[PDB]
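For reference, the chain that follows is the form deposited without ligand HW2, supplied as structure tokens.
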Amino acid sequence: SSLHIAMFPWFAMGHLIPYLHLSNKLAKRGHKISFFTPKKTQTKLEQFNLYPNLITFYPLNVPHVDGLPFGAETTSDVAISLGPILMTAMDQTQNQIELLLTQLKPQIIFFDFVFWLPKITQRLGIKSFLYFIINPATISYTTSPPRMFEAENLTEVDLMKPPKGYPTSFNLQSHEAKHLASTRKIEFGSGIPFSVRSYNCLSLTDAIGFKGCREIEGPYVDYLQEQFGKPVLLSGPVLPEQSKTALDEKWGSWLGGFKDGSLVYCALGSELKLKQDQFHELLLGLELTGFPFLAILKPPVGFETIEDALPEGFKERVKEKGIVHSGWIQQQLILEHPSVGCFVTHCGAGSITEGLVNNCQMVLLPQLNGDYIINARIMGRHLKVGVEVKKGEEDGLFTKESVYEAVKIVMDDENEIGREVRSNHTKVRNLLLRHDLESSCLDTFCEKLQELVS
């Protein structure tokens, strides 16, 4: 029998998009989806709804919080330092969420962050499902019980090593462990420290799920199920679904002028702005390669346009071989274009999946966020499907020569590291795209969801 599932992701394109990809896969199996989205944002999500008779959007009015830019609904509308105020606003949707649950009566609700929800749902006889679209390796590293009983005695040297029990080994740099130790204590919505919020969610939910498959995420899902004593499910790798909107003819024509596999695509997601020094180093490093390139970047901190921030003489030298562009583009469609030979990525979980299912060589340029950092280590050191750009151990900055070197290595057909990461990427792509991999993951997923509502 088909399930009625409500979807309540965090107000960010990096959560909305994979929740919608998964919604389409569940609707294809006959399940009914009630998708809660900020009101104005719904118009940009319609293109991804492939089953309008089963997936219905329900708008949320994102309420005012002191400091929130007017009319802001998602992390694409606010600076990254304003995220905690946006999460206060999400907390404040509780009244209209409770209204929607009592009228719609879903059997399950998938959610992020809102640890007050499981109390509402169990009063209504609804199962709460904490569904992560980031890597369970990240949650396993930062928010497993061993980390949380240390409370404020958790130091940067503590975060250099993995918690007790952790299933794999990798190294963080000093500045990364320092970032994890500080941001963990920062208030993220309604005065709750970030790690306390997420540990409340893990503790109070009925079940937990992650994007991923047994072959890659399995060891971390096992570790978390042992730690938290409740079901920890895998949805499958959430392979991107096809949009109802074809590739913008302006990008299609320009990309089509380049030799197959010759172009470097660089994008750092939907939220962040580089400091001007690192913006310059990145662009000068791409220029050094002599390859054509498309860099999708916001203007650096303190600047409002790309043109004002470009290194001197840059546009004149680069001419028609390279473009630096600030707007939202159809990244998934660009990564499938045959001209793209290299993807320089901030290692967001969605961008990683999009890169892995395509042919591009991966250059890892993780920005300062726990999931990006841990994704980069797993891709660089465990799966060995990409080359990571060297950063300063203490300052977290890169040089233009390190960007240049990483791209050169993966683009050079005779470079044995480049050939090795290409071969490993092919192995991972062949796994993710195996004819029965996603379908058997979703088979198990749906059986376990049925168990949950039984």
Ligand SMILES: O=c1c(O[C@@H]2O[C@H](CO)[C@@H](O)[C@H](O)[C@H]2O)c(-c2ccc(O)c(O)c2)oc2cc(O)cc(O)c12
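Numbering starts at 1 and runs along the sequence shown.
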item: Unmodelled in at least a third of other entries of this protein, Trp116; value: yes
item: Average Cα temperature factor in the PDB entry - higher stretch of 88-96, 328-336; value: 88-96
item: Residue stretch of maximal mean CA temperature factor, 445-453 vs 3-11; value: 445-453
item: Criterion, highest CA B-factor; candidates, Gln276, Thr345, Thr102, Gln361; value: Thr102
item: Candidate set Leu234, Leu365, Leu239, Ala181 [ranked by C-alpha B-factor, highest]; value: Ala181
item: Chain thirds of CA B-factor: placement of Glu420; value: middle
item: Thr56 CA temperature factor, ranked by third within the chain; value: middle
item: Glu414 by Cα B-factor - lowest, middle or highest third of the modelled chain; value: highest
item: Chain-relative CA temperature factor third for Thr41; value: middle
item: CA B-factor placement of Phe113, once the chain's modelled residues are sorted into thirds; value: middle
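Note that the form deposited with ligand HW2 bound isn't included here; everything after this is about it.
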{"property": "Contact residue in the deposited bound form, from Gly236, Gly370, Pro118, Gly189 (heavy atom within 4.5 Å of ligand HW2)", "result": "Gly370"}
{"property": "Heavy atom within 4.5 Å of ligand HW2 in the deposited bound form - the one residue of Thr93, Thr138, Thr205, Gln361 that qualifies", "result": "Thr138"}
{"property": "Contact flag, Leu99 vs ligand HW2 in the deposited bound form, heavy atom cut 4.5 Å", "result": "no"}
{"property": "Ligand HW2 contact in the deposited bound form: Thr88, any heavy atom under 4.5 Å", "result": "no"}
{"property": "Partner proximity in the deposited bound form: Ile80 to ligand HW2, non-hydrogen atom cutoff 4.5 Å", "result": "yes"}
{"property": "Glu281 within 4.5 Å of ligand HW2 in the deposited bound form, heavy atoms", "result": "no"}
{"property": "Candidate stretches 370-378, 302-310, 225-233, 287-295 - the one whose heavy atoms come within 4.5 Å of ligand HW2 in the deposited bound form", "result": "370-378"}
{"property": "Site check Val264, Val385 and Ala406: each within 4.5 Å of ligand HW2 in the deposited bound form by heavy atom", "result": "no"}
{"property": "In the deposited bound form: members of 266-303 within 4.5 Å of ligand HW2, any heavy atom", "result": "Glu271"}
